[PDB]
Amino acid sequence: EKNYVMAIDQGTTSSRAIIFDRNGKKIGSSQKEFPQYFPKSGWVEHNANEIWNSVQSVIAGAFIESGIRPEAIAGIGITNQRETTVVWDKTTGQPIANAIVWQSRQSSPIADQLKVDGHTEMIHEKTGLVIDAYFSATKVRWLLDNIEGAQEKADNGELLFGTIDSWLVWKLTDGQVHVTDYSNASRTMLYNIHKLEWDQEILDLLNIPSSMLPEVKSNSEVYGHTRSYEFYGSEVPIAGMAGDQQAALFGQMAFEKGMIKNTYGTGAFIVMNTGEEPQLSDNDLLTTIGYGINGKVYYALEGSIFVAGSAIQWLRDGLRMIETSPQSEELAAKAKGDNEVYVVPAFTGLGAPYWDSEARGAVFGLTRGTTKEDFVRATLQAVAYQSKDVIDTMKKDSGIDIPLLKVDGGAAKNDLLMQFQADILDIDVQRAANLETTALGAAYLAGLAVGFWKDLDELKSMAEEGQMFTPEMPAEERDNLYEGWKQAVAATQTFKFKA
């Protein structure tokens, strides 16, 4: 009697497994952090076996809490941190090395050469992205360049490539299924989002054996069934997959062109549904696939802000300025300063709409009275500021009007930050009823496919949403604050690094 659905959200620093019920209500949830590795400044890696172990854990943890049994799960929904790359042995199923995370700059040299060789326009035409170490493409090249016997085993058909979603479904199906969905495939920089196929030109260019590639299917259909690993009592269907950000657009019910949301997590990502047309004009932004359902493919415009929650974790672990991350709001709220201190946390370069890899974290406006509180507040408001940069670029590019912004993610818990966001943007901000919209969208994709829910209607029905933030900040203030940011970013960009 399958009356539930489970979503697995494999994020950047922790996992999660939430069991939803027919009404979209949590019945059990479990979360767990897993090891982050930093071999060199700018590098970020994860051990895939450990990601797997953290997923098995939260999976168990969710059953243990809910009191439900695997036999009651109607389908599994899988969403994940995108770009992140894993290359493993087909037969042994052992990763050839650590996985390279979307945050890593270790493959940047590889990507710079592509830019020099003039492949920019060509990659953007085929993939809708920009040439940067952010995407999977260069990461797989890095792995085949720095791991002994890797390239050989690849040409030979012994190694398998796969982003996190592909890796998890592979482990869940004990190697029987090597698949990935449009949304995730589009973020590898090897997928042709227009002809919906792996681009042979790009593979050839990066010398990546197409034998490493998984099959690319839609975001909602049965890819296969669980073999075991804790799903005792049944072979549950794996029926939903998507990059966390796209699954979050879905869980926000941003089904129609123009509906836009923003997720506040490790990084912040603005995603706008642009309907069946792969958006004409996207300078400074990313054109990607939102999701493919009901035989159609819906595209999206994306604004990437790499460092958001990580800036706060830096304050806790790096500068030891704050006891715990949650202590931010409290400290920020106490701020006394004139609010003219700016923090541009471009640790690894400025993302959308700057896309400037030669920039680094900077701070401006510091005086004698500047306090810890002021400094913390500044670090928090940064994402509010860059979000406006991204939203403004979206209007200029698409000419669409943005009257509301649905938001979600851990950081969205901050009422002060969300208010600030509304004030700065001068538009309405509507926080999702439940901030784990990501795992929800994954559950929706899975549910729809197995019959748990009928269609994008018996879904809009449970539109239980609330917590709106309206602009209340005067214009004179709203404009100084943003003008100062624009100037702070400009100065941040004059200080160049590189090579």
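Throughout, we count residues from 1 along the sequence that is shown.
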Pick between 443-451 and 427-435: the one whose mean CA B-factor in the entry is higher. 427-435
Comparing 359-367 with 197-205, which has the greater mean CA B-factor as deposited? 197-205
In terms of recorded Cα temperature factor, pick the maximum from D389, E302, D397, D165. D397
Taking the values straight from the PDB record, which of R377, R82, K115, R141 has the highest C-alpha temperature factor? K115
Could you say whether, by C-alpha temperature factor, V236 belongs to the lowest, middle or highest third of its chain? highest
By the recorded C-alpha temperature factor, relative to the other modelled residues in its chain, which third is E50 in? middle
Can you tell me which third, lowest, middle or highest, the CA B-factor of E71 falls into for its chain? highest
Can you tell me which third, lowest, middle or highest, the CA B-factor of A499 falls into for its chain? highest
Quick one: classify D181 as lowest, middle or highest third of the chain based on its Cα B-factor. lowest
